[PDB]
Structures are given as structure tokens and as C-alpha cells.
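Asks: This is the structure I want to talk about, given as C-alpha cells.
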Amino acid sequence: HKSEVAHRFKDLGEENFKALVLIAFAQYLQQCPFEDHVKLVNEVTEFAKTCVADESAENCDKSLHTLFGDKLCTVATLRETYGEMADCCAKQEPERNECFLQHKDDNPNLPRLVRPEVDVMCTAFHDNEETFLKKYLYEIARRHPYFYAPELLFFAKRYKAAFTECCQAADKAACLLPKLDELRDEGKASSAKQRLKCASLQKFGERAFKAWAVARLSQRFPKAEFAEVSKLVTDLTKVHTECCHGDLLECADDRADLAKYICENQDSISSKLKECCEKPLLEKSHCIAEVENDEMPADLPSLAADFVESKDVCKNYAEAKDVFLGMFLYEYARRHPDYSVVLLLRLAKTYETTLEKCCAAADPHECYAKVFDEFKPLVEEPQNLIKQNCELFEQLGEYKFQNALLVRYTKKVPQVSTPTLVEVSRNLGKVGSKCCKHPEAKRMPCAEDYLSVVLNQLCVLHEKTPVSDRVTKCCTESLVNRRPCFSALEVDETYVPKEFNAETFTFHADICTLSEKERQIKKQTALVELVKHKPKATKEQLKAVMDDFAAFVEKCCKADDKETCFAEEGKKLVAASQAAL
Ligand SMILES: CCCCCCCCCCCCCCCC(=O)O
Ligand SMILES: CCCCCCCCCCCCCCCC(=O)O
Ligand SMILES: CCCCCCCCCCCCCCCC(=O)O
Ligand SMILES: CCCCCCCCCCCCCCCC(=O)O
């Protein structure tokens, strides 16, 4: 097109356009005040309309990167506020855009965003909807300069829906707060998935990611032929690499192109893409990436004929090893939408090892004969862990389950700080609440999806302040052995018990007025501290102390003159508990 500004403006619409321009500037000029970004947006938008009325008007022929860089270099305080970044303005466009990219601050020093009171939010939202929503969109964007813009917009619209609905309800807070919590959770989850997947693309190279994409794309598109899944894997690897580099426009064009291709070849790929492919370009790739798995073909043979009994397995494997393993993965994954991607990768890995050991042995066709028998245990491992853990979650509530995990992982890595054990145990509990309500046929993908974020959050924390050599080993391992590495952690039989500190086990009547959430975190904190002090306590002993404590709390929150109850009965509870252990 003669005018990229005009074409993007027509295709996106005025509203999406303004929001995206705001996110972009917010991500590059992370320290300018909101009203500055508003003025930049309005100026750019006005220019855009000029180009929509006539693509030949001056400057409309310029590229997007040139116009963006020009507006950046129009900020008069650029050198005072950003220093080096102002030097990018001396370069010509190919180098200028890259320089700006590099000078994005992934960790700016900005005060933590305070969630105001529900009445304050609803009042501002009603009295000034667009400034209320846009200011927050800027506050979020400036704190995630590498978060993909369009997805941030997709979140923003869900925030708008949350306020439009809840600020009319009688119990506003009961409506909104859970929704704001969900949005926050998905936001940090996604924002960490991005960083994780790029760090894997850099650490382990294109091949491993290609493997992953074969598995997931095959579960999603079982009716597609291998050549098509392979074409999509190559294009998807390109998209991810480019998006991990950072350029918004390049990444967007790559995703839009892939979406166009997938929508023109629906019959070759999937039958559940009908509506996604009718959505506007802004939502297309997003919709296609979230679509449910396609129904798998009914009359699918077993893999025995192609990958075991057939002669030429070694010939077809040495001919193009990665293509062959890709074919094995493809056939296996499209047959098992129930398996996790990582599990399929342990299968493909195992099959690769044995094909390596057997095609060089006396008789290959006999060495690799009973290979699929090797898959069974690797498959039953996550299955048994799911059955047992969801079975435990059905017995105990979410909270008591959290306490079970708390005791197990505290005994496993007692060197981890207390608040981190509490937060990991509670998060794992939430994963149990969410996935255990699916049937078995759909539980393992769920767990993986959630575990990858939880075990990810742990690892970043552990990187900043390392404590356990075993946890470091699990965090530096390949993303396929990460979860198994954590499951392999054993109780630390070398840990020296922590010194008894009376205050750690002293309780005051304020606990009676705390919210259920803060009361829970207080008791769970004391429970971790209790296991760290008496790490060798047995399940029954621990239950006895916890029972004593629970009854003690309900007695002192029910008594006249509560503080003396907590101090007296507190002394008795502690003495008795030390004696029992
Ligand atoms: C369409 C071809 C894609 C290439 C497929 C290669 C399959 C390799 C299978 C081994 C598992 C790969 C998992 C990554 C970890 C590793 O490097 O070992
Ligand atoms: C003068 C222009 C400055 C910058 C303009 C804002 C950039 C807008 C381009 C982003 C459009 C995203 C297209 C859809 C994304 C996707 O399908 O993946
Ligand atoms: C990064 C996605 C951009 C749009 C192209 C994807 C459309 C094909 C659907 C396959 C998506 C599978 C799940 C996400 C893949 C990924 O980004 O790693
Ligand atoms: C920063 C250090 C964090 C260390 C946290 C220690 C607790 C590890 C949590 C392990 C969860 C993985 C669950 C896999 C299934 C299993 O329980 O075996």
C-alpha cells in the first residue's frame, strides 16, 4: 500500500488504532506523563485521517517505523529523561528502530499499581470512562514494554466489560473484585509465558521448539496431513522467533499472514475455525490460537505398522531423522489430545534414543521391536499423579489440601522462605481446584498449562535469591524434565530444625477480625514455621497440633475478653504442643 498509516487505520478502526498507538508510545516512553502520550496519540491519529482522505498527502508514503521514530525524536525532553535513547535519533531508520528497541527498560522503577476502592473505580469509570480506562491501559503498558500490544488490548476490553457490568450491581465489590483478580492472574501468567518461551527459543534452539509445535499443532488439527502440520510448524517458528525479537509491526504482520493462510486452507486444517476466520484482522490470530482442538478422525490405525513392524524404519529414519521423529510425534499427538505436550516429547525422545541404539545393532528390526512398551510407564506417571492428587483434593477442601501440599513441600525444601512456600502451596491448590473439575480425558493438558506457570514463577524467584541446589537443577533443566525434576524432590533428611521463636507462635485477637483469606495465610504461615521447627513431626502429630490450634482459635474468638484468652490459652497451647513433639 502507498500509505501504511492509512491502511492500518482503515483495517483497525479509529478506536483500536488510538489504543494501539497509546500502548506503543507507552512502551517506548515509559517515563513520560499520560497527558503527553495522549497528545502524541491525537497528533498521530489526526495525521492518519489526513492519509485516509488522500494517500498522496505529504509524509503519508513514509513507513510506519519512520513515522514512529520521528514522533519519538520529537519529544523535547528525550535526552533529559532517557539519556542514551536520545542518541538513537542520530541514526537512519533501519538502525534507529533497532536502537529504540534495545533501549526498552524491561524493569522500570515504578511504584506498584494500587488497586483503588471499588467505589472510587466505579465513580471514575462512570464520570470519565475513556480517561479512566486509557490511563490504566497506559499504566499497564509502561510496565510491560515487551508485552504484545494487541493482547494487552484484548485484556483492556475485558476490563471494560467488567466495569460496565459490575458498576451497576448492588454488591459491586462482590462482582468486580473476583473479575479483577482473574484478569490479574491471566495477565501475569501470559506475561510470564512469553518470557519463558523466548528464553527456551534462545537456550535450546529452534529444533526443540519445532518439536513442541508439532505436538501441539497435531493435537489441535488432527485431520490435517503431515505436510500441512509441518508447513505450519515452520511458519509458527518464524513467527515466534520474530516476536521474541520485539518489533511490534514485524510480529503483527507475521501473525496476520499465518492467520490468513490458515483461514484460506480451513478444509486442509480444521473445521472449528469457521467463526475465528470471520473475525476482524485484529482478533484473527488470537482467535485461531485459542480455538478448541478439532475432532480427531475416527478410523485411525495404530502406529505399529509405520514405526515398528515396517522394514525401512532405519532407512526412513537415517534419510531424514528429524522429519521422521516429527512424523512419529504427529501421529502420536493427533491420537492423544489427552496427553500433555511434554509427555509426547518424552515419548518422541524415547523413541529417538532407541532408534539410535537399535539401527546400529545386530538386527535393528528385532532390537526396536518392543519399543512402545517403554512408553507405558512414562504415560502412567503423570496419570497416577493426577488421579491421586485430585482424589486427595476431593477429600480435603481446597484449603486443607493447600495445607497438605504445604507440609509436603516444606519438608521437601525447608530452605525456601516461608511466604514463598505459602504462595506456591496456595497456587498449587488453585490448580487443583481448576483442573480436577475436568474429566480425565482433559486433565493432563490443564495441569501442564497451569504448572508451567507456577513452576515458572518459582524459578524466577529462585534465580534472584537461590537457596536449593536441587531447585536450581530443576529450574535450569529442559522444560520437558522441569515438572518431573520437581516431582523427584525428596524430603531433606539433612535439614537442621529451626530455633523455636515464641513470637512466631504467639497469636492475638486481631486474627478474629481478619478476612478469611488473611486468616488462612496467617495460619498457613504458622504451619510452615511449625514444620520448619519440628521437621520430623509425623502426619498424626501434626494433625493433633493443628486440631488443638483450630479449637483454640474458635475458643478465643468466642470468649469475652479475647486478648487474655489468646495470651493464656496461647501459653497452654504452645507448652502442650512442644511437649507433644
Ligand atoms: C517437522 C520437523 C520438526 C522436527 C522434529 C524433531 C523431533 C525431535 C524429538 C526429540 C524431542 C525434542 C525435545 C527438545 C529437547 C531436546 O533437544 O532433547
Ligand atoms: C504512526 C503509527 C505509529 C504506530 C502505530 C501503531 C501500530 C499499529 C499496528 C499494530 C496492528 C496489529 C495488527 C493485528 C495483530 C495480529 O494480528 O497479530
Ligand atoms: C503465535 C500465534 C500467532 C498466530 C498464528 C497461530 C495460529 C495457528 C494456531 C496454532 C497456535 C497454537 C498455540 C500457540 C502457538 C505459539 O504461539 O507458540
Ligand atoms: C524459589 C524456590 C522455590 C522452591 C519451592 C519448593 C516447592 C516445589 C513445588 C513443587 C511443585 C511441583 C509438583 C509436581 C508433582 C509432585 O508434587 O511431585
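Lettering and numbering for the C-alpha cells are positional, with chains as A, B, ... in the shown order, residues counted from 1 in each chain, and ligands counted from 1 in the shown order.
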Env of stretch 523-539 of chain A: 10 Å cut, atoms = only C-alpha atoms, seq-sep filter 6 positions within chain, self excluded. Answer as a CSV table (one decimal) with N, CA and C atoms, in the first residue's frame.
Replies:
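Output file selection.csv is given in full below:
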```
chain,number,residue,atom,x,y,z
A,399,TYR,N,-8.6,-25.6,50.9
A,399,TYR,CA,-7.7,-25.1,52.0
A,399,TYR,C,-6.9,-26.2,52.7
A,400,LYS,N,-7.6,-27.2,53.1
A,400,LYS,CA,-6.9,-28.3,53.8
A,400,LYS,C,-5.9,-29.0,52.8
A,402,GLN,N,-4.4,-27.4,50.4
A,402,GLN,CA,-3.2,-26.5,50.4
A,402,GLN,C,-2.3,-26.8,51.6
A,403,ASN,N,-2.9,-27.1,52.7
A,403,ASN,CA,-2.1,-27.4,53.9
A,403,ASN,C,-1.3,-28.7,53.7
A,404,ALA,N,-1.9,-29.7,53.1
A,404,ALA,CA,-1.2,-30.9,52.8
A,404,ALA,C,0.0,-30.6,51.9
A,406,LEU,N,1.4,-27.9,51.6
A,406,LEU,CA,2.3,-27.0,52.4
A,406,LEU,C,3.3,-27.9,53.2
A,407,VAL,N,2.8,-28.9,53.9
A,407,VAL,CA,3.6,-29.8,54.7
A,407,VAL,C,4.6,-30.6,53.8
A,408,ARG,N,4.1,-31.0,52.6
A,408,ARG,CA,5.0,-31.9,51.8
A,408,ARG,C,6.1,-31.1,51.2
A,409,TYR,N,5.8,-29.9,50.7
A,409,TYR,CA,6.9,-29.1,50.0
A,409,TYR,C,7.8,-28.4,51.0
A,410,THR,N,7.2,-28.1,52.2
A,410,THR,CA,8.1,-27.6,53.3
A,410,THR,C,9.1,-28.7,53.7
A,411,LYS,N,8.6,-29.9,53.9
A,411,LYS,CA,9.6,-31.0,54.2
A,411,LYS,C,10.6,-31.2,53.1
A,412,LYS,N,10.1,-31.0,51.8
A,412,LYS,CA,11.0,-31.2,50.7
A,412,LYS,C,12.1,-30.2,50.5
A,413,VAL,N,11.8,-28.9,50.6
A,413,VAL,CA,12.8,-27.8,50.5
A,413,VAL,C,12.6,-26.8,51.6
A,414,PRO,N,13.0,-27.2,52.9
A,414,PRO,CA,12.8,-26.3,54.0
A,414,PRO,C,13.6,-25.0,54.0
A,415,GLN,N,14.6,-24.9,53.1
A,415,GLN,CA,15.4,-23.7,53.0
A,415,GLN,C,14.7,-22.6,52.3
A,417,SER,N,12.1,-19.6,51.7
A,417,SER,CA,11.4,-18.7,52.6
A,417,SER,C,10.0,-19.1,52.9
A,418,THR,N,9.5,-18.7,54.0
A,418,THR,CA,8.1,-19.0,54.4
A,418,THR,C,7.0,-18.5,53.5
A,419,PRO,N,7.0,-17.2,53.2
A,419,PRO,CA,6.0,-16.6,52.3
A,419,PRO,C,5.9,-17.3,50.9
A,420,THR,N,7.1,-17.7,50.4
A,420,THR,CA,7.2,-18.4,49.1
A,420,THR,C,6.6,-19.8,49.2
A,421,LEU,N,6.8,-20.5,50.3
A,421,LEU,CA,6.2,-21.8,50.4
A,421,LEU,C,4.7,-21.7,50.5
A,422,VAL,N,4.2,-20.7,51.3
A,422,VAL,CA,2.8,-20.4,51.4
A,422,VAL,C,2.2,-20.1,50.0
A,423,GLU,N,2.8,-19.2,49.2
A,423,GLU,CA,2.2,-18.8,48.0
A,423,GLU,C,2.2,-19.9,47.0
A,425,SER,N,2.2,-23.2,47.6
A,425,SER,CA,1.2,-24.2,48.1
A,425,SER,C,-0.2,-23.7,47.8
A,426,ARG,N,-0.5,-22.5,48.0
A,426,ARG,CA,-1.8,-22.0,47.7
A,426,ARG,C,-2.1,-22.0,46.2
A,491,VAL,N,12.3,-35.6,50.6
A,491,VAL,CA,12.4,-34.9,51.9
A,491,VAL,C,13.9,-34.6,52.2
A,492,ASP,N,14.2,-33.5,52.7
A,492,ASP,CA,15.6,-33.1,53.1
A,492,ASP,C,15.9,-33.6,54.4
A,493,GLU,N,16.5,-34.9,54.5
A,493,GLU,CA,16.8,-35.5,55.7
A,493,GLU,C,18.0,-34.9,56.4
A,495,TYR,N,18.3,-31.4,56.8
A,495,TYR,CA,17.9,-30.1,57.4
A,495,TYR,C,18.0,-30.2,58.9
A,496,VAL,N,18.6,-29.1,59.5
A,496,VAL,CA,18.7,-28.9,60.9
A,496,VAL,C,17.4,-28.1,61.3
A,497,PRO,N,16.7,-28.6,62.3
A,497,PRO,CA,15.5,-27.8,62.7
A,497,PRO,C,15.8,-26.4,63.1
A,498,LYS,N,14.8,-25.5,62.8
A,498,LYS,CA,14.9,-24.1,63.1
A,498,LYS,C,14.7,-23.9,64.6
A,499,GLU,N,15.3,-22.8,65.1
A,499,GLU,CA,15.2,-22.5,66.5
A,499,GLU,C,13.7,-22.1,66.8
A,500,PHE,N,13.2,-22.6,67.9
A,500,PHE,CA,11.9,-22.1,68.4
A,500,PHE,C,12.0,-20.6,68.7
A,501,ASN,N,11.0,-19.9,68.1
A,501,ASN,CA,10.9,-18.5,68.4
A,501,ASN,C,9.4,-18.2,68.9
A,504,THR,N,6.9,-16.2,66.8
A,504,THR,CA,6.4,-16.9,65.6
A,504,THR,C,5.1,-17.7,65.9
A,505,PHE,N,4.9,-18.1,67.2
A,505,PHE,CA,3.7,-18.9,67.6
A,505,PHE,C,2.8,-18.2,68.6
A,506,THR,N,3.0,-16.9,68.7
A,506,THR,CA,2.1,-16.1,69.5
A,506,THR,C,1.0,-15.4,68.7
A,507,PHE,N,-0.3,-15.5,69.1
A,507,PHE,CA,-1.4,-15.1,68.3
A,507,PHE,C,-2.2,-14.1,69.1
A,511,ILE,N,-6.7,-11.5,64.8
A,511,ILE,CA,-6.9,-12.6,63.9
A,511,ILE,C,-8.4,-12.9,63.7
A,545,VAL,N,-1.7,-31.2,66.6
A,545,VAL,CA,-1.4,-29.8,66.9
A,545,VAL,C,-2.4,-28.9,66.2
A,546,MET,N,-2.5,-29.1,64.9
A,546,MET,CA,-3.5,-28.3,64.1
A,546,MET,C,-4.9,-28.3,64.7
A,549,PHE,N,-4.9,-26.2,67.7
A,549,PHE,CA,-4.8,-24.8,67.4
A,549,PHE,C,-6.2,-24.3,66.9
A,550,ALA,N,-6.8,-25.0,65.9
A,550,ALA,CA,-8.1,-24.6,65.4
A,550,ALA,C,-9.1,-24.4,66.5
A,578,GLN,N,4.7,-28.2,72.3
A,578,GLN,CA,6.2,-28.5,72.4
A,578,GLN,C,6.3,-29.9,73.1
A,580,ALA,N,4.2,-32.4,73.1
A,580,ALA,CA,3.7,-33.5,72.2
A,580,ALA,C,4.7,-33.8,71.1
A,581,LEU,N,5.5,-32.8,70.7
A,581,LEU,CA,6.5,-33.0,69.7
A,581,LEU,C,7.9,-33.1,70.3
```
Asks: Please return as a PyMOL selection string the residues found within 7 Å of ligand 3, counting only C-alpha atoms and all ligand atoms.
Replies: chain A and resi 213+216-217+236+239-240+255-256+258-259+262+285-286+288-290
Asks: Nearest to residue A:566 among A:508, A:188, A:193, A:112, with distances taken over only C-alpha atoms: which residue is it?
Replies: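 The shortest atom-to-atom distance to residue A:566 comes from A:508.
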Asks: Stretch 216-296 of chain A: which residues are alpha helix (DSSP H) by DSSP, as a PyMOL selection string?
Replies: chain A and resi 216-220+226-245+248-264+281-289
Asks: Mind checking which residues fall within 7 Å of residue A:60, counting only C-alpha atoms, ignoring those fewer than 4 positions away in the same chain, and posting them as a ChimeraX atom specification?
Replies: /A:3,5,51,55-56
Asks: I need the chosen residues saved as a compact mmCIF listing (two decimals), in the first residue's frame, with N, CA and C atoms.
Replies:
```
# COMPACT_ATOMS: atom_id res chain seq x y z
N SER A 3 0.16 4.08 1.55
CA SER A 3 0.18 4.62 2.91
C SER A 3 -0.02 3.49 3.91
N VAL A 5 0.10 4.00 7.18
CA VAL A 5 -0.75 4.60 8.20
C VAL A 5 -2.21 4.47 7.81
N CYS A 51 -4.14 10.95 5.96
CA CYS A 51 -3.71 9.99 4.96
C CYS A 51 -4.86 9.13 4.45
N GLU A 55 -3.99 9.28 0.23
CA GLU A 55 -2.72 8.61 0.50
C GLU A 55 -1.52 9.32 -0.13
N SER A 56 -1.74 10.35 -0.93
CA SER A 56 -0.66 11.10 -1.55
C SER A 56 -0.25 12.35 -0.77
```
Asks: List all protein, DNA and RNA residues that have an atom no more than 8 Å from any atom of ligand 1, counting only C-alpha atoms and all ligand atoms, and report them as a VMD selection string.
Replies: chain A and resid 204 207 to 212 214 229 to 231 233 to 234 321 to 327 329 345 to 346 348 to 350 352 478 to 480
Asks: Identify, counting only C-alpha atoms and all ligand atoms, the protein, DNA and RNA residues located within 6 Å of ligand 4, and give them as a list in words.
Replies: residues 409, 413, 416, 458, 459, 461, 462, 483, 486 and 487 of chain A
Asks: Compile the contact shell of residue A:568 as a PyMOL selection string: residues with an atom at most 12 Å away, counting only C-alpha atoms, same-chain residues fewer than 5 positions apart removed.
Replies: chain A and resi 506-508+552+555-556+561-563+573-575
Asks: Go ahead and write the residues just picked, N, CA and C atoms, as a compact mmCIF listing (two decimals), in the first residue's frame.
Replies:
```
# COMPACT_ATOMS: atom_id res chain seq x y z
N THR A 506 2.96 -16.86 68.72
CA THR A 506 2.06 -16.06 69.54
C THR A 506 0.98 -15.45 68.66
N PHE A 507 -0.26 -15.48 69.14
CA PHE A 507 -1.40 -15.06 68.35
C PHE A 507 -2.24 -14.06 69.14
N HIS A 508 -2.78 -13.07 68.44
CA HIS A 508 -3.55 -12.01 69.07
C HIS A 508 -4.96 -11.95 68.49
N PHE A 552 -8.46 -23.88 69.62
CA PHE A 552 -8.02 -22.76 70.45
C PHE A 552 -8.46 -21.43 69.86
N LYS A 555 -12.12 -20.94 70.31
CA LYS A 555 -12.45 -20.64 71.69
C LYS A 555 -12.12 -19.20 72.06
N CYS A 556 -10.99 -18.68 71.58
CA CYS A 556 -10.60 -17.32 71.94
C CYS A 556 -11.28 -16.26 71.09
N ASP A 561 -13.45 -10.85 76.66
CA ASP A 561 -12.04 -10.53 76.91
C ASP A 561 -11.08 -11.40 76.13
N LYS A 562 -11.17 -11.32 74.82
CA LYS A 562 -10.37 -12.13 73.94
C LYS A 562 -8.85 -12.08 74.02
N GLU A 563 -8.26 -10.93 74.21
CA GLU A 563 -6.82 -10.88 74.23
C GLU A 563 -6.19 -11.70 75.36
N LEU A 573 -1.41 -23.74 74.82
CA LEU A 573 -1.31 -24.42 73.53
C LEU A 573 0.14 -24.64 73.13
N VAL A 574 0.98 -23.61 73.30
CA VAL A 574 2.38 -23.75 72.91
C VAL A 574 3.09 -24.77 73.80
N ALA A 575 2.97 -24.64 75.12
CA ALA A 575 3.62 -25.61 76.01
C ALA A 575 3.20 -27.03 75.65
```
Asks: Grab the atom CA of residue A:263 to atom 7 (C, counted along the ligand's line) of ligand 2 distance for me, in Å with one decimal place.
Replies: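 Rounded to one decimal, the two atoms are 23.2 Å apart.
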Asks: What's the separation between atom CA of residue A:35 and atom 16 (C, counted along the ligand's line) of ligand 2, in Å to one decimal place?
Replies: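 According to the coordinates, atom CA of residue A:35 and atom 16 (C, counted along the ligand's line) of ligand 2 are separated by 27.1 Å.
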Asks: Compare A:120, A:282, A:169, A:6 by their minimum atom-to-atom distance to ligand 2, counting only C-alpha atoms and all ligand atoms, and give me the closest one.
Replies: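 Checking each of A:120, A:282, A:169, A:6 against ligand 2, counting only C-alpha atoms and all ligand atoms, the winner is A:282.
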Asks: Determine the nearest neighbour of residue A:125 from the options A:269, A:167, A:140, A:90, counting only C-alpha atoms.
Replies: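 The answer is A:167, which sits nearest to residue A:125.
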